[PDB]
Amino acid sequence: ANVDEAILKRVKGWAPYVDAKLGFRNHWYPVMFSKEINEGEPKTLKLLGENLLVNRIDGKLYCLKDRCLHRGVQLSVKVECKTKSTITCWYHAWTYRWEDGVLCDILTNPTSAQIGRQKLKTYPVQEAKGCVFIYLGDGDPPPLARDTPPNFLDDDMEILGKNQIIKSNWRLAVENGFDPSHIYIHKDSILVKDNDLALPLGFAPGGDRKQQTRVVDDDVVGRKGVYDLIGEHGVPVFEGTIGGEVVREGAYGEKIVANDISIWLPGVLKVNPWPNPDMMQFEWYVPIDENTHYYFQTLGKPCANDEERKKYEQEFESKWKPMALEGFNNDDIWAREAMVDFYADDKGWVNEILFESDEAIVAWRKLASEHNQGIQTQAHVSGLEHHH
């Protein structure tokens, strides 16, 4: 009910996905790095359209909805944490506990009947690999692994990265990321030349439809995703032609990368190896609201000891972060933005003219529609509405 019913009736193959303009509820989402949230210093953020507050108390993170139950103001306008375990609204002093959101006191009226009877929404928060994950859902959360790509949580896998807000719906980011033929926009990337990478312009598909991908729905951890196998039978394009004349060539570098690409619910891509044969890239496209998303980038590299783990960081800052995460992925950013207009009115979901390599995207759309854990709605944002 986020999109015109007429359009949903048309996209019979993935209507839930097209309706999920605000993202999927009941999944874990990374929103910041552990280093960005300090003890006793609450931070604000918007996730799936909801304003939230995250605080660190005795080293542990807590998440409360940033909206007072009384008159609906954001507590963050003027933060008043009067005791270690609570936060007091600046307006009429309704006070809530960070651990369970219970309204435990009201300074403007200590005798109010509301005390102890109301509860502000709280969301589970977990830190892993130096990343802050919030379970934007209801009830006890599933393990974080269900919503992370394979190997992200490996013991020796050292994770580093960056995050920023991008102006496009999260779905446009996901599809661009899993798009087999979009590598064409990266043909002039510095990382390509500078890191001597082998990078074609596209692929001439081979085999049947089913062979183009590997849909994963038998993962013991509960993971649900899709693998892009266009390269298994497809002939990579290194000489692009027009009228039979070669007008462009791919990158004939020596380093073999990105032979393993997969997208996983709620919306995280895994590219392996990348940006180097001994590394991996994991990136999330987190829904902030219908028009924006967090582009949460991470690069992983196994490290067995405190050293090298340090050399990795040094190289991350010196090469990987500026040359790959930025130098390479920056083109993905404006590419996402370029699709905004066509899909803004939801009509792009009907008028798009797909071609062979989009089989991977269609597979993702179907997987997401069938295995998402809930459709976030504006009602979830303002307050659920119902008549039993």
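The first residue of the shown sequence is 1; numbering continues from there.
The mean C-alpha temperature factor is higher for 331 to 339 when 62 to 70 and 331 to 339 are set side by side. Just going by the entry, 168 to 176 versus 222 to 230 on mean CA temperature factor gives the higher value to 222 to 230.
Within the selection 105, 208, 147, 100, the deposited Cα B-factor values reach their highest point at 208.
The top Cα temperature factor in the record, among 288, 136, 279, 113, falls on 279.
In the deposited entry, the Cα temperature factor of residue 86 sits in the bottom third of values across the chain's modelled residues. Annotation for residue 39: C-alpha temperature factor in the middle third relative to the rest of the modelled chain, per the entry. In this PDB entry, the Cα temperature factor of residue 76 sits in the bottom third of its chain's modelled residues, the lowest group. In the deposited entry, the Cα temperature factor of residue 265 places it in the lowest third of its chain's modelled residues. Remark: residue 27 belongs to the lowest third of its chain, ranked by C-alpha B-factor as recorded.
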